[PDB]
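Listed next as structure tokens is one chain, alone, in the form solved without the named molecule.
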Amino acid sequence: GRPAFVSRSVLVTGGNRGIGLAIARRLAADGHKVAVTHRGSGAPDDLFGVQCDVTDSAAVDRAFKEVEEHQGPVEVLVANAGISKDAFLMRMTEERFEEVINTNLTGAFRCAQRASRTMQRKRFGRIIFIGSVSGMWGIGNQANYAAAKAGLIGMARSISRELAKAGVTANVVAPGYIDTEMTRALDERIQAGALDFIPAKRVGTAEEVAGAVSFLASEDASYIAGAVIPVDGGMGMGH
């Protein structure tokens, strides 16, 4: 039956709002030791918050060290931090592309690398990247966001092929449209016709994404590596 629960040291980057906050709150109610990074606004509830600029490898190192001094080495990393900056291809600047790449993809690398030091040594790690349906489905006007979120799949698979033998796995949770992430633009997209692409005919909730992360942080996911778990109501189905 159900394996005994283990309280893991968890770090959720960008875990102070939206999807990240739902993940942090769910993992904490699961019984884990949950820390979050933010960019200044502060941590939620009673969760341990650390400020972190995920474009700065020095800040990532110091943020991880502050977490380790508080709750011990990170066993479950949820790399949720990341921005969206949409544009038509011909209107997308170098700066708009690189900023989304640096925060969403390189930022996730910086955290995964910094986490791997103790994970490999302790022979246990769950690296959980928050991707997007856009990575493999290609939402228009997202050359930068879709590249960053597809890049997480390649990185997770390279990490898993190297380190799964040492008990360190890397997987991607790929949300579709999620209520806490809905902007004016996304809402108008739904009204215009985007729901036709979603079999479930509704947006998801942040708590639905948190439920998949809870699974991947649990004792029931030890043989899952390099997987993309879509939480999108079927939107991303294809090849």
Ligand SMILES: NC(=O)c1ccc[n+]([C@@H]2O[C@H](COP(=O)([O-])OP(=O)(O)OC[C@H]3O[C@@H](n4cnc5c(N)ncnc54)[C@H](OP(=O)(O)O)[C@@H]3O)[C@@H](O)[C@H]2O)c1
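Basically, rigid core = biggest C-alpha set you can superpose within 1.5 Å across the two forms. Don't overthink the numbering: it's just position in the shown sequence, from 1.
Not on display, but discussed next: the form deposited with the named molecule bound.
**Q** Want to guess which of 194-202, 54-62, 210-218, 24-32 is within 4.5 Å of the named molecule in the deposited bound form, heavy atoms only?
**A** After filtering at 4.5 Å, what remains is 54-62.
**Q** State yes only if every one of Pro73, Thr106 and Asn171 has a non-hydrogen atom within 4.5 Å of the named molecule in the deposited bound form; otherwise state no.
**A** The answer is no: none of the three residues contacts the partner (heavy atom, 4.5 Å cut-off).
**Q** Is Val67 a contact residue for the named molecule in the deposited bound form, using a 4.5 Å heavy atom cut-off?
**A** Because no heavy atom of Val67 falls inside 4.5 Å of the named molecule in the deposited bound form, the answer is no.
**Q** According to a 4.5 angstroms non-hydrogen atom cut-off, is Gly125 in contact with the named molecule in the deposited bound form?
**A** No, no contact at 4.5 Å.
**Q** Taking heavy atoms and a 4.5 Å cut-off, does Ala115 contact the named molecule in the deposited bound form?
**A** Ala115: no contact with the named molecule in the deposited bound form.
**Q** Indicate whether the named molecule has at least one heavy atom within 4.5 Å of a heavy atom of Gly226 in the deposited bound form.
**A** Residue-level check for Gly226: no, no contact with the named molecule.
**Q** Looking at the named molecule in the deposited bound form, which residues in 151-182 have at least one heavy atom within 4.5 Å of it?
**A** In sequence order, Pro175, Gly176, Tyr177, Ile178, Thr180 come within 4.5 Å of the partner.
**Q** After fitting the rigid core, tell me which of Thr183, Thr55, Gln51, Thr205 has its Cα displaced by at least 2 Å between this form and the one not shown.
**A** That would be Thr183.
**Q** Do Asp179 and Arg189 move together or apart in the deposited bound form, judged by C-alpha distance changing 3 Å or more?
**A** Result: closer.
**Q** Thinking of the 3 angstroms or more shift, are the C-alphas of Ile83 and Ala192 brought closer or pushed farther apart in the deposited bound form than in this view?
**A** Compared with this form, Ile83 and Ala192 lie closer in the deposited bound form.
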